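Notes for the one structure printed next.
Whatever order the structure lists them in is the order used to number ligands and atoms, beginning at 1. Keep in mind that the numbers below use all heavy atoms, side chains included, and drop hydrogens, waters and symmetry copies. Below, chain A is the first sequence line, B the second, and so on; all start at residue 1.
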Amino acid sequence: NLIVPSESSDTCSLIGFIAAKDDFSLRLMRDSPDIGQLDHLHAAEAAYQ
Amino acid sequence: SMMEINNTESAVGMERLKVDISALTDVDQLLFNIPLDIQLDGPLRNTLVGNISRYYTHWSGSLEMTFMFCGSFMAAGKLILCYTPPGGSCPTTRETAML
Amino acid sequence: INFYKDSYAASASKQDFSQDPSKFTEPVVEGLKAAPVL
Amino acid sequence: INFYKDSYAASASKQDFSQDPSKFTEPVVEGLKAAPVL
Amino acid sequence: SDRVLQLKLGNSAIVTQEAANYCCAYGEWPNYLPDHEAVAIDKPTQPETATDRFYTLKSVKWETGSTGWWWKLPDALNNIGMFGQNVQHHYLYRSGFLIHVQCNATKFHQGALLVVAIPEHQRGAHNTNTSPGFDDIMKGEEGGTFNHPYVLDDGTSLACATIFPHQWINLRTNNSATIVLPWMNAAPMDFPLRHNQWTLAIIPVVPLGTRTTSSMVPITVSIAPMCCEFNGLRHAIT
Amino acid sequence: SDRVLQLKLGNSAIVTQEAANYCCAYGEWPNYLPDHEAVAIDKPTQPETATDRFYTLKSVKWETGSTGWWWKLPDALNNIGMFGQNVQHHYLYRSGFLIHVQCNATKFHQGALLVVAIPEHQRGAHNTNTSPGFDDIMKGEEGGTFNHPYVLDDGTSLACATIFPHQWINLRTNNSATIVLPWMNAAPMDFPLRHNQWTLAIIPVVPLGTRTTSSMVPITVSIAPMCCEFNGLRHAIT
Amino acid sequence: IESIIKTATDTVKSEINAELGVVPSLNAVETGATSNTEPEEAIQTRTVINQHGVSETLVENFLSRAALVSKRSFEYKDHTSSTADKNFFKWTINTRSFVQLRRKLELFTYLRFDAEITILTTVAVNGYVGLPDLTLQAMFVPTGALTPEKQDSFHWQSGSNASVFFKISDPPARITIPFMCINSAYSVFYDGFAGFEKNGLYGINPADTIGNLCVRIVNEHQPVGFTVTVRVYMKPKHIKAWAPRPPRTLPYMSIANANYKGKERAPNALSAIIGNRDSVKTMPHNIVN
Amino acid sequence: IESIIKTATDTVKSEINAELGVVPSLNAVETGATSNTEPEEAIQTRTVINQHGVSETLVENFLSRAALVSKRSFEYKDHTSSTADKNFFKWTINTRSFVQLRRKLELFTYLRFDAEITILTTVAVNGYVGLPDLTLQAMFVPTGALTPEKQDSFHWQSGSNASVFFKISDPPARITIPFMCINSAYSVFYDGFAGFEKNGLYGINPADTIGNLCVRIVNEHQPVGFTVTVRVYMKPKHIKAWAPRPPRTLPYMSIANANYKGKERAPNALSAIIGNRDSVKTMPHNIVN
Ligand SMILES: CC(C)Oc1ccc(C(=O)Nc2cccc3c(-c4cnn(CC(F)(F)F)c4)ccnc23)cc1
Ligand SMILES: CC(C)Oc1ccc(C(=O)Nc2cccc3c(-c4cnn(CC(F)(F)F)c4)ccnc23)cc1
């Protein structure tokens, strides 16, 4: 159990982390689904003016 | 890099990067689980390993998960962290996960 | 195949397999042992 | 003629004249003689 | 001299007095996975004699109307003995098989069985666009029966099936067939519950015939897994 | 330096930061049965990492009225994982055990547990001529509770139990105990369902006390079988 | 035993035999071995020095010729009112749609090869003003990448996807795709299910998934409509092949499975693969003079 | 310590441990070092000889693929009455306008590379008579040089500016631009102001200014109007990269800054980057049979 005295906070936090080890390998490069645009960015047109 | 394990409604911003643990009155209770799909939008996506891997299609090799306990010095406790190879449902009881 | 006079014209240099991940994973002044870290 | 950097780019490899038909014609643990088979 | 054979594996033995040599598929023998071919890094369990032993399935009756029978590996054994328990507790499996097929009758009987081991025997359905379902494929210990053995239930042909590892049981000549199968997969290990490496098929190309008094003529299948390895210890899927 | 310990067996690991050395019972370590001590002649199965791993039992609450707890080996594990499956399929079993007992509390708590491994802990009943029944003894994973820990439930005494392999958990000092047990039997192997070599006992000689706000204080037991061997492959008794 | 074979075997002369205990023409099919009877054992032969090469039946030569795998027509026009491939299409890459290449590939259980891809484009005016020299973009979209939704979507910027830009007046565009299975060989047949639940596809190995080919016209539409047709050819090269299979007899029904029906009557009916003759004593093309 | 790494690391077999004072699975995240726990320390392993190459994650391979950086359409017509790009345009060179290349480049703080530039041109008839084979001129106008004001201005005589002349029927025009920063590396991010007064731009290093790309049609206008679209691709090559950065999560707002808003709801909302599940105990795609 989590066991705490009266003067400690009754609720405590975990932070979780992840990494690859050095046996890790990646293959077949692709465009990432984490970014996209539907429009011109602001000031993109002004690069032509 | 930090997992967004608390990806729940009512966790806002930085609250999504921590899991809160409390004293329980029942033995061997489940605290949380972590989905391991890097492709689908889970706790692993917005991580260094996550964001770089999503430029690629195939992957191999081991992952490390580290947990830091951020209670007071006076807080004590033991947890069990379990990895289940695929093939069935996610385990809901410690006696199953322990295997 | 590069018959251009300027070396910046050449094709890409895909041969540098040197790594040092410890400058990012272990920038600690005293290295970790296999062993209580603190 | 292959000036590409990846070896999978190359032309086809039509030079492997190795055969072993006995793995399909004779997968018997004791080989046949020239001689009653059974 | 090549008509008598004893097979011994673990606590089980089979003797036959009317064999016809035996087949080692593609001239291979089963072996454990070497380190230069390994993928999964956890130490495997190698149960040896607990798993590497003959299991005898339910016998089927050879009858005048019989189209033939099939059993899928590992599926037919996934619920049997300590082999089945390791299958249920581990994500990954690897093994060969020793297959012994048994059928005796009188010297007044006639009939020929093609006994063939088919790698990746991906079945078709007949006269439909819909692919075979899970319950069409996954029969377990009972196995299935051929719908159209003449095309091997896959739009192909029986006549050319001798390209696969096989023997015949010809009641004139022999009462048993033996096939030794290596590990036969593109990956070095597999999840045993969703893919079958091998299908055993037994097809009566010449039907059973006699003019003596009739008796039930069973065909019996005995299968020993060989060099079983298991990785990814988990709870039982079961 | 002898307060931090990592135990790794198979796919399981335990770390502790407040140990007090660890006990190797009678100075022994587990080993496999050598040929000069063998009886049964069939080749044993040695499942290694499938069986030689920590199993964690249900935690018990340490409460002010607690008399202590006990678990019998192999009985407590006979239905757990691949260890249990080999137990059910084999007539004969042999192994050691690694026992890790876990109990943490605050620096304002007090209490001491005697953690003792008792070989051949043949129980008595209290105030009767009738011997303990099958259901008094065979508790499985849940284990039992002491009726009269002061005489160890066997007309003997707690005070002298330190002749058996033991550590203490003293909440002032340490939060875990570890005992390594060799094979401890007159015969080289045994039938696992009718005899227990070892009883783990945990007795609160000093009761749990604090004046902070109360929390549930569980005690957790983790047991790894070590060098498991099984002989006499059979169907499952189960 | 493995050996190098470049030409067919020579024949030695043979004499009369008459030996007791030696019967080379007798065989035992029940063992599963094919007959080992040599012609020198069956008849009296002459010496023949045989010079016939065997290179044309090499698996490399048998398989490494370019075959059509995809053909798609679409309208190049103003699509503002259409329901349709609106100046682009997506193709889920497969090799089962055209039966000539499919049947050859399915003679094998496992194949490992690199794929040479040739893209041929052709254009006609819709029902004439000349034919336009369009630029096309082909983009390989692997598993889990986003496919384009529109001709002008930003997916086409191709930051990390491989794209080839090519003209209709060019020679056909060509690239090699490496052998990209996550296993050591493609599973040509797969006796299994794709997922951990029971509802996954039968007969497709997830290990063999290639991805998507997305092809657009890069030009803005013209005032008039054209039909563009794209043809994709694959040529396997650097081929390894394992476990030869009995060939397909019945017509294919589907790209998704091995389902079968047969022709209504022989040849290649389910009841009769070979066409019928009147009797086992009838010689169908018998020479008569 | 620097070493040459061509393949992923091998795994050694490991035994049971039980050593006092040795706790390889315990770590101290507060030091800032990542966990050094090896798999051989955490579980019992087998020997694995690992043959997986690591070439595809080389920074050279990760970045050196051609990506769209500029796209411009203009009217090729008689412009005597127009308000407009009158048969030519000027582009102030930047790499921030198309998000796929931008996000990859912004994984790094400093980059040094040469830029391979590919120019793709396409033409459509305005709302058909065939497509004309136009000649175009691209002129690189560095900092402080005069840009063209008209299609026929004398700036286009290009006495010292680099110009490339290219046809629409040609393959795409290609040149390499050398690494031309006045520093040893481009500043991908710049925590500073461009001028000595306070009113200069935030976030742009003056050291990284490339200049202007001016593109005209060289032909006189025809009697009919066309739309010309120019696409510019950059490919970094001979790349060095320093100080990797956390990736962009929120949509970009602007080419001029890192300003952020997020999507209205998760994923990539400012309050929630990952999409929500019901609880920390919910497995969203749990296998059920
Ligand atoms: C846009 C440019 C830059 O990139 C491109 C990338 C790809 C293509 C294209 O069309 N490729 C392909 C078309 C058809 C089949 C394949 C296969 C394949 C399918 N199955 N198998 C195993 C078998 F044979 F056993 F079944 C192998 C593998 C790789 N590619 C294929 C076109 C262009
Ligand atoms: C007309 C012909 C003869 O000459 C030409 C000359 C140039 C071009 C053209 O378009 N060039 C370019 C387009 C887009 C970006 C760049 C960059 C760059 C921007 N930023 N950075 C640092 C980064 F990545 F860190 F941000 C590097 C550098 C040099 N060129 C660029 C086209 C043609």
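Close approach of ligand 2 to H:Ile175 is summarised as follows: ligand atoms under 4.0 Å from at least one heavy atom of the residue are 2 (C), 5 (C), 33 (C). Near H:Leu105, meaning under 4.0 Å from one of its heavy atoms, ligand 2 places the atoms 24 (F). Residue H:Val188 approaches ligand 2 through these ligand atoms, each under 4.0 Å from one of its heavy atoms: 25 (F). Remark: ligand 2 atoms within the under-4.0 Å shell around heavy atoms of H:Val232 are 10 (O). Near G:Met234, with a cut-off below 4.0 Å to any heavy atom, the atoms of ligand 1 are 15 (C), 16 (C). Proximity to G:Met139 (heavy-atom distance under 4.0 Å) selects the following atoms of ligand 1: 1 (C). Remark: ligand 2 atoms within the under-4.0 Å shell around heavy atoms of H:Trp91 are 10 (O), 13 (C), 14 (C). Within ligand 2, counting atoms from 1 as listed, the ones closer than 4.0 Å to a heavy atom of H:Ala138 are 1 (C).
Closest to atom 6 (C) of ligand 1 among all protein heavy atoms lies G:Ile177 CD1, 3.3 Å. At the top of the distance list for atom 3 (C) of ligand 1, counting protein heavy atoms only, stands G:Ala162 O, 3.6 Å. For atom 11 (N) of ligand 1, the closest heavy atom belonging to the protein is G:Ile117 CD1, 3.3 Å. With respect to atom 20 (N) of ligand 1, the closest heavy atom belonging to the protein is G:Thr95 CG2, 3.9 Å. When only non-hydrogen protein atoms are considered, atom 4 (O) of ligand 2 lies nearest to H:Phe140 CB, 3.5 Å.
Of the listed residues (H:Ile210, H:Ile93, H:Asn94), the one carrying the non-hydrogen atom nearest atom 13 (C) of ligand 2 is H:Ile93. With distances taken over non-hydrogen atoms, the option nearest atom 24 (F) of ligand 2 out of H:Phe165, H:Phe166, H:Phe113, H:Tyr186 is H:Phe113.
No side-chain heavy atom of H:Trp91 sits under 4.5 Å from any side-chain heavy atom of H:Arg72.
Listed here is the closest heavy atom pair of H:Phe88 and H:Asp85: O-CB, 3.2 Å. Of all heavy-atom pairs between G:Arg112 and G:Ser184, the closest is NH1-O, 2.9 Å.
Taking the six-membered ring for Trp, G:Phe165 and H:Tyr233 have ring centres closer than 6.0 Å. Centroid-to-centroid, the aromatic rings of H:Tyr202 and H:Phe193 come within less than 6.0 Å.
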TODO: Carefully, step by step, assess E:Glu120 and E:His195 under the rule side chain to side chain contact (heavy atoms under 4.5 Å, CB included).
DONE: CA-CA 9 Å; E:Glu120 305 286 5; E:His195 177 216; 2.7 Å; yes
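Classification of G:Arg65 and G:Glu116 as a salt-bridged pair fails, no side-chain N sitting under 4.0 Å from a carboxylate O.
Donor-acceptor pairing under 3.5 Å is recorded for the side chains of H:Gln137 and H:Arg216.
With a 4.0 Å cut-off on non-hydrogen atoms, G:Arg96 touches ligand 1 through its side chain and not its backbone.
For the pair G:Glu106 (side chain) and G:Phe189 (backbone), a donor-acceptor distance under 3.5 Å is absent. Between the side chain of G:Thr109 and the main chain of G:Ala243, a donor-acceptor pair closer than 3.5 Å is present.
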